[PDB]
Visitor: 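Just dropping this structure here.
Just so you know, ligand 1 is whichever comes first in the structure, and atom 1 is the first atom listed for that ligand. Below, chain A is the first sequence line, B the second, and so on; all start at residue 1.
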Amino acid sequence: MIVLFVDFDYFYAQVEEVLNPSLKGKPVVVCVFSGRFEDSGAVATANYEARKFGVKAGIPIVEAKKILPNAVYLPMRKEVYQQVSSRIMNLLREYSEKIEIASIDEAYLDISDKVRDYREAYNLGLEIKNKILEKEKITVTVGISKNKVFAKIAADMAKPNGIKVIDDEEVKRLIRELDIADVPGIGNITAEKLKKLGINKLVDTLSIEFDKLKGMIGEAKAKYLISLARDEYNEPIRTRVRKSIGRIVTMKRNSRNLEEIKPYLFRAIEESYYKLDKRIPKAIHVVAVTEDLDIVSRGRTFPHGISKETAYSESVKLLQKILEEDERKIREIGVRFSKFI
DNA sequence: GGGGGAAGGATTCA
DNA sequence: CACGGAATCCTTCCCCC
Ligand SMILES: Nc1nc2c(ncn2[C@H]2C[C@H](O)[C@@H](COP(=O)(O)OP(=O)(O)OP(=O)(O)O)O2)c(=O)[nH]1
Ligand SMILES: [Ca+2]
Ligand SMILES: [Ca+2]
Ligand SMILES: [Ca+2]
């Protein structure tokens, strides 16, 4: 198997540049303005000019402002980025039927029976890059290896605007040298549990009793890590399909007042339905974010599809159930639909 | 004992 | 001060043969 992974560079910020070239060169910060107060909200991402000073995805807009008060701040326009993304995805399809769209800016191509050895794979990388850059003026980073995981690791290593191959030889090498935290799917929580077990590199998962590892991080995560340790990871490139659709909004102020909360909720329902289009869900969950930034939810699955009418009243109950099972005020309210017919 | 879901949360990544 | 969107996995509770 020969996997070629593509990851678009500082994607949202780069799209804003393509659409408004005068922005290129200076720091650009794409933000999610929550509407609470003046600059309430977080950063979705920022171009590298901005990252040089620590402004990156996830930090409060206010903190970014302190660092770069003169940077350009733009509201996130998700739908725009999506269409450009879709176009780039259609271009990659011209390189392989076997394609797995992982996110708005990521894709795995199974180019096994489309090229032999890594030399040809790499060159397919350059072609793909060059093509995308000429067709959409978007630079991306390419990662190539024997499976999705090391292909993605390949890309993380070459960012930004790069291309890299991790051949059968380096795969073996990284299994012994690569900090396990750098492995896709190992976040802060899992990294710490591994540390406390003494597991620092993929290789270490091989000398520990499975049941031990299993008990601390889960059977799934344990098999995953060992699988990679034994160069036995080979998940196929497959098409993914949306499984849930929803919306969540930040209220103007915290509240436990049903009447005060409902309009935001209903708004969340209306928007979610528009995004559902032809899809009919059988499950609905009401999601609330407490005053202390905590997340609580209540849902329900029906034996049939849910009409918008059924969503409204059912979602009101769930919200009442949330309020009557958690004393904290609510800060953000939303809904999610799943189990599509 | 264990097959088969469903509900609420944990964790991760974009 | 702390955004939106979403997938997979885990524990727990049920119903039943
Ligand atoms: N709203 C929101 N969107 C995010 C967040 N993180 C990532 N995104 C979106 C916008 C990013 O441009 C896009 C791609 O994510 P990456 O994790 O690939 O970041 P980006 O491509 O901007 O930079 P990169 O060159 O990959 O290091 O996903 C986030 O924390 N909040
Ligand atoms: Ca990216
Ligand atoms: Ca990405
Ligand atoms: Ca990590």
Side-chain angles (χ1 to χ4, degrees), chain A residues 3-18 28-32 42-52 55-59 74 76-78 80-89 91-92 99-109 125 128-129 132-133 136-145 148-164 174-175 177-197 199-205 213 216-218 220-222 224-225 228-229 233 237 240:
Chain A
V3 178
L4 182 154
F5 172 72
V6 187
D7 190 343
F8 312 157
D9 298 333
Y10 65 109
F11 195 50
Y12 294 12
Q14 196 186 172
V15 170
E16 293 289 358
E17 287 184 355
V18 168
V28 175
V29 190
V30 180
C31 320
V32 183
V43 172
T45 198
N47 61 11
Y48 286 74
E49 285 65 46
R51 266 128 100 157
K52 294 297 175 179
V55 175
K56 49 184 180 169
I59 76 174
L74 306 168
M76 182 192 82
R77 289 188 279 171
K78 189 66 175 286
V80 170
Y81 315 144
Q82 183 62 76
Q83 305 195 319
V84 175
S85 175
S86 286
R87 300 206 288 279
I88 296 176
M89 303 286 66
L91 287 197
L92 291 169
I99 184 180
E100 177 164 347
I101 303 185
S103 80
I104 192 164
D105 78 321
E106 287 178 315
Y108 298 88
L109 296 185
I128 287 185
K129 293 189 55 173
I132 288 176
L133 177 53
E136 300 294 333
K137 309 288 265 288
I138 292 295
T139 75
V140 313
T141 289
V142 174
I144 301 167
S145 188
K148 297 199 283 181
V149 171
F150 286 96
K152 143 104 73 173
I153 288 174
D156 295 333
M157 287 175 75
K159 286 182 174 185
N161 186 31
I163 178 171
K164 180 189 186 313
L174 299 173
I175 293 180
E177 304 186 58
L178 194 78
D179 182 322
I180 202 161
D182 296 324
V183 174
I186 302 299
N188 296 297
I189 292 298
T190 308
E192 289 282 341
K193 293 168 179 183
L194 294 171
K195 283 187 173 186
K196 277 181 151 49
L197 291 174
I199 297 175
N200 291 295
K201 308 288 192 297
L202 279 166
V203 62
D204 312 345
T205 69
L213 185 53
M216 299 315 288
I217 72 172
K221 193 82 74 184
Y224 169 59
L225 291 181
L228 290 159
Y233 179 89
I237 279 53
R240 300 177 193 180

Visitor: Are the charged groups of A:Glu17 and A:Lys137 less than 4.0 angstrom apart, N to O?
Guide: no

Visitor: Are any of the side-chain heavy atoms of A:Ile199 and A:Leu213 separated by less than 4.5 Å?
Guide: yes

Visitor: So do the side chains of A:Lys148 and A:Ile237 get within less than 4.5 Å of each other, counting heavy atoms only?
Guide: yes

Visitor: Tell me yes or no: between the side chains of A:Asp9 and A:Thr141, is some donor less than 3.5 Å from an acceptor?
Guide: yes

Visitor: Is the side chain of A:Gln14 donor-acceptor paired with the backbone N or O of A:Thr139 at a distance under 3.5 Å, no angle test?
Guide: yes

Visitor: Within a reach of under 6.0 Å around NZ of A:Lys56, are more than 12 heavy atoms found that belong to other residues, nucleotides or ligands?
Guide: no

Visitor: Please list all pairs meeting salt bridge (charged side-chain N to carboxylate O under 4.0 Å, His left out) that have one or both residues in residues 177-188 of chain A, counting only residues at least two apart or in different chains.
Guide: A:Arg173-A:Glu177

Visitor: Check the Ca ion (ligand 3) and write out every protein N, O or S atom at under 3.0 Å, as residue and atom.
Guide: A:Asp105 OD1

Visitor: Using the salt bridge (charged side-chain N to carboxylate O under 4.0 Å, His left out) criterion, which residues pair with A:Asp7? Sequence neighbours excluded.
Guide: A:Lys159

Visitor: Count up the protein N, O or S atoms sitting under 3.0 Å from the Ca ion (ligand 4), would you?
Guide: 2

Visitor: Which of these passes side-chain contact (heavy atoms from CB on, under 4.5 Å) with A:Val142: A:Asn161, A:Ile132, A:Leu109, A:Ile163?
Guide: A:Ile163

